[PDB]
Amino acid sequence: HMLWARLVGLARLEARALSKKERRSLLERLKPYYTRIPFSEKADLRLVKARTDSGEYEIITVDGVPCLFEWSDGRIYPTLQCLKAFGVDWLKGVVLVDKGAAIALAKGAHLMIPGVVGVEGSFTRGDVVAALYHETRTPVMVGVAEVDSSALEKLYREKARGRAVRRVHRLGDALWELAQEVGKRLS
């Protein structure tokens, strides 16, 4: 019925199961952007709508865990809670970042090339990737590669300037705070 999240505040909730049509559509829309769809064929998928003081948020829950969201580009992205639940191996790529970059990303910055200390997986410009703090492998941001993985390998090694990854969702953003609270309530 309602939750109260940090930053976002009071949210009035409505939840429902995805229809069979909605489920098939979701799977079709995920397939091109990820190595694997992380959840089981038998997972329970629900759509949660949360209305706060500023507007409406929509999250797809996977067995109750707030995992997926539609962005303004019309593509479906994982929450950081999804990456905790399912790991990161199912993404096309991961970018490892230094401490200064991890902190900046947690504040809401895009990821710049000099903050990159490694690249895992193979991906092209435009692909969905996650940025992880190298030391602990903590996911801090989910976003869109601005360069190919092979290009980024040479660019970070020379500490070239420019944007490596365009941020879509990050640790401590409004969606993150909402997802935290949905997860807390599930517990």
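Don't overthink the numbering: it's just position in the shown sequence, from 1.
Between 49-57 and 31-39, it is 49-57 that carries the larger average Cα temperature factor according to the deposited entry.
Relative to one another, 96-104 and 69-77 have unequal mean CA B-factors, and 69-77 is the one with the higher figure. The PDB entry assigns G162 a C-alpha temperature factor belonging to the lowest third of its chain's modelled residues.
When the modelled residues of the chain are ordered by their C-alpha B factor, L18 lands in the highest third. Annotation for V142: C-alpha temperature factor in the lowest third relative to the rest of the modelled chain, per the entry.
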